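In what follows, every heavy atom counts, from backbone to side chain, and hydrogens, waters and symmetry copies are set aside. One-based numbering, in listed order, for ligands and for the atoms of each. Just so you know, residue 1 is the first one in the sequence shown, and it goes up from there.
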Amino acid sequence: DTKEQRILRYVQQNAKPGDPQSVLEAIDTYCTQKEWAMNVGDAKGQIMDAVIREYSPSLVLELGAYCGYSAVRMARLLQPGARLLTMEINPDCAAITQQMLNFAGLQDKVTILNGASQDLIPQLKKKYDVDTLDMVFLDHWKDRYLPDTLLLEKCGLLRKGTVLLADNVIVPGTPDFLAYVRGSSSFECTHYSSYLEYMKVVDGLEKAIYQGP
Ligand SMILES: Nc1ncnc2c1ncn2[C@@H]1O[C@H](CSCC[C@H](N)C(=O)O)[C@@H](O)[C@H]1O
Ligand SMILES: Cc1nc(C)c(-c2cc(O)c3nc[nH]c(=O)c3c2)s1
Ligand SMILES: [Cl-]
Ligand SMILES: [Mg+2]
């Protein structure tokens, strides 16, 4: 089996079905005590929680699902009727994410879209009936953050006040993305210094609020 399979099995055997907090705790314990994995983690997760609570987004787009940790973490705080779409290029990851969401009882709030973000983003309006996004969580691959941000703008998917939240702007680091949003009068940016998941290594999240074209 794979590490991702081991994480999922650990949750199924150590968390309570239908209880998202217990799922997060089981994942964080596994990744602390057994095998590191690239979930946003509890330290940066607490900052995401605060952002989600502040904005109460009706429609969130996540880029990069992995095992479903951030999807569980965000979806558990959404209001009734509010929705998450998560895009995931790796089908084995998409499979784990679906089972993780099912176990957590959050499957009615979240839709996994299978494919590369750069291929799916242009389909959101016509195929997935999206008008504009309230929030986007960027957590896929560092080199995609800037191009996908510009693609989301091109496609008309951002509105005034759309919240972009980006993980790993320090490690692995997204220097082109940070230079761009921080120099652009189309964004209002805030940096949230924290730590890499499960490690005493400095990392951070960037919040960039779109201000219109
Ligand atoms: N272009 C792209 N489109 C969609 N997913 C991508 C991608 N490039 C990488 N990925 C995926 O992005 C994921 C990064 S890890 C995601 C962690 C997750 N947000 C969490 O915190 O729990 C991986 O599963 C990888 O397959
Ligand atoms: C020292 C590190 N090694 C890896 C492998 C890290 C790491 C940490 C993350 O949160 C990530 N989130 C999304 N996508 C990634 O590629 C990713 C990578 S940090
Ligand atoms: Cl952590
Ligand atoms: Mg990350």
Side-chain angles (χ1 to χ4, degrees), residues 2-4 6-8 10-11 14-15 20-52 60-77 84-97 100 110 112-121 135-149 151-152 163-178 181 190-208:
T2 60
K3 175 173 71 186
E4 292 73 35
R6 295 192 288 274
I7 294 173
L8 178 65
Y10 186 87
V11 168
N14 295 268
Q21 191 61 41
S22 80
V23 167
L24 300 177
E25 295 173 3
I27 296 163
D28 287 335
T29 297
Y30 191 83
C31 295
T32 294
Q33 302 187 353
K34 270 83 175 171
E35 301 191 84
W36 188 86
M38 67 186 160
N39 312 117
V40 72
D42 187 70
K44 289 186 287 175
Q46 285 184 38
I47 300 169
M48 291 176 55
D49 288 354
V51 174
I52 289 280
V60 182
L61 173 64
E62 162 174 276
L63 310 177
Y66 190 47
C67 294
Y69 177 95
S70 59
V72 171
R73 183 143 206 146
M74 286 183 282
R76 81 191 205 287
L77 297 181
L84 178 63
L85 307 177
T86 184
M87 290 174 175
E88 174 56 59
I89 199 169
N90 183 291
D92 293 301
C93 290
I96 297 287
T97 299
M100 195 72 73
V110 182
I112 305 160
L113 300 188
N114 296 288
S117 53
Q118 60 268 39
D119 303 326
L120 294 162
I121 288 167
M135 180 175 296
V136 179
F137 183 51
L138 296 91
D139 191 26
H140 50 342
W141 177 236
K142 57 179 181 169
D143 292 329
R144 293 237 61 83
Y145 280 32
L146 183 51
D148 285 354
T149 292
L151 181 59
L152 287 160
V163 176
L164 304 192
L165 190 62
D167 191 35
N168 304 119
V169 302
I170 303 313
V171 55
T174 62
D176 64 343
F177 172 81
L178 282 186
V181 296
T190 308
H191 185 69
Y192 298 86
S193 197
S194 187
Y195 295 92
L196 185 62
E197 52 263 30
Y198 316 119
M199 293 296 287
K200 303 173 199 254
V201 170
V202 166
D203 194 9
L205 304 158
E206 196 82 355
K207 186 176 64 172

Could you tell me whether the side chain of [Y] reaches within less than 4.5 Å of the side chain of [X], counting heavy atoms only?
X    : Y    : result
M74  : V51  : no
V72  : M100 : yes
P147 : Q118 : no

Requested in this report: Kindly write out the residues that satisfy side-chain contact (heavy atoms from CB on, under 4.5 Å) with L77, not counting sequence neighbours, or none if the list is empty.
Outcome: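 Expected list: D49, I52, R53.
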Query raised in the report: Which atoms form the tightest heavy-atom contact between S117 and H140, and what is the distance?
Result: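 Answer, listing the atom of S117 first, then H140: OG-CD2, 3.3 Å.
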**Report entry** Nearest heavy atoms of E197 and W36, plus distance in Å
**Finding:**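 Reported closest heavy-atom pair: O-NE1, 2.9 Å.
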Query - For ligand 2, the residues whose heavy atoms come within less than 4.0 Å (ordered by chain, then number) - result: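 Residue list for ligand 2: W36, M38, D139, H140, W141, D167, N168, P172, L196, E197.
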Query raised in the report: Near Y192 OH, under 6.0 Å, is it more than 12 heavy atoms from other residues, nucleotides or ligands?
Result: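 Yes, the 6.0 Å shell around OH holds more than 12 heavy atoms from other groups.
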Report task. With side-chain contact (heavy atoms from CB on, under 4.5 Å) as the test, would you mind laying out the steps for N168 and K44 before giving the verdict? Result -> CA-CA 10 Å; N168 304 119; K44 289 186 287 175; 3.3 Å; yes
Query raised in the report: Using a distance threshold of 2.8 Å, what protein N/O/S atoms lie below it relative to the Mg ion (ligand 4)?
Result: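 Within the sphere that stays under 2.8 Å of the Mg ion (ligand 4), the protein atoms of type N, O or S are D139 OD1, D167 OD2, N168 OD1.
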Query - Partners meeting salt bridge (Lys or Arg N to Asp or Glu O under 4.0 Å) with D42 (sequence neighbours left out) - result: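 Counting only residues at least two positions away or on another chain, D42 forms a salt bridge (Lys or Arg N to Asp or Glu O under 4.0 Å) with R73.
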